[PDB]
Amino acid sequence: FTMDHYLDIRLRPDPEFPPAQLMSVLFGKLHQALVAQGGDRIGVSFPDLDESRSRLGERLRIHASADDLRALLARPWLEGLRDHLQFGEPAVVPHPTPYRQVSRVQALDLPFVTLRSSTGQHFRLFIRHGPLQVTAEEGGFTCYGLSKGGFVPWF
RNA sequence: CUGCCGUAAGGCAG
């Protein structure tokens, strides 16, 4: 379990943008930072997830090794959003915790973020937090920080 | 939104 570090990024409430819109922007920006860092050892989870309202919640948690996390934060990927966010301190995770897969699931009672890309076009990216396991099977993460096998601590 | 694997079901990538 070499991914024992995390950081919480919290959305500040905003009069003109609902949470879901900011989160999508946060999440698109992280996507860009992941595509640049390279690798597959950075995951995310949405700790305030609400199953019932199908809402991702107001927090984005980023999971990484102590130094994967540092390389990531020393990038200017949050340039332009920071005013809309509050950040926790990079910390060691609590233990013990369950682990789960947070994956892209391509009627969907699922939360989603809206992104763009070469077309101008908007698309929804659907996200599912998986069943709690006692331990973590090995595996990596996509360029969205979503599971391609890997698991993240849930707390 | 585009695209990949697959004979379509199922699945995947940015």
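Below, read A as the first sequence line, B as the second, and so on, with proteins coming before strands; counting in each chain starts at 1. All heavy atoms count here, side chains included; hydrogens, waters and symmetry mates do not.
The side-chain hydrogen bond (donor to acceptor under 3.5 Å, both in side chains) with A:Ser45 is formed by just one residue from the set A:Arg59, A:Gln101, A:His63, A:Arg61; it is A:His63. Remark: of the listed residues A:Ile9, A:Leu30, A:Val25, A:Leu11, A:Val25 is the sole one forming a side chain to side chain contact (heavy atoms under 4.5 Å, CB included) with A:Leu81.
Following rounding to the nearest Å, A:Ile127 (CD1) and B:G14 (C1') show an atom-to-atom distance of 14 Å. When the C1' atom of B:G3 is taken as reference, atom CZ of A:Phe123 falls 11 Å away, rounded to whole Å. Nucleotide B:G3 holds its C1' atom 14 Å from the CG atom of A:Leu125, rounded to whole Å. Atom OH in A:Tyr144 sits about 10 Å away from atom P in B:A13, given to the nearest Å. Here B:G14 presents its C1' atom at 15 Å from CG of A:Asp40, a figure rounded to the nearest Å. A:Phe141 places its CZ atom 14 Å from the P atom of B:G14, with the value rounded to the nearest Å. Between A:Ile42 atom CD1 and B:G14 atom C1' there is a gap of 17 Å when expressed in whole angstrom units.
Between the side chain of A:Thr142 and the main chain of A:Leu146, a donor-acceptor pair closer than 3.5 Å is present. When atom types are taken as modelled, the side chain of A:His31 and the backbone of A:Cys143 share a donor-acceptor pair closer than 3.5 angstrom.
If you take atom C1' in B:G11 and the same atom in B:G6, they sit 9 Å apart, rounded to whole Å. Between B:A9 and B:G14, the distance separating the two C1' atoms is 24 Å to the nearest Å.
Applying the 90° cutoff around 0 to the glycosidic angle, B:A8 is assigned syn.
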Write down the protein N/O and nucleotide N/O pairs, taken from nucleotides 6-12 of chain B, whose separation is under 3.5 Å; answer none if there are no such pairs.
residue : atom : partner  : partner atom : Å
B:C12   : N4   : A:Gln106 : OE1          : 3.3

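One finds the OG atom of A:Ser103 at 11.0 Å from the CZ atom of A:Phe141 (value rounded to the nearest 0.5 Å). Taken to the nearest 0.5 Å, the CG atom of A:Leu60 stands 9.5 Å off from the CG atom of A:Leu85.
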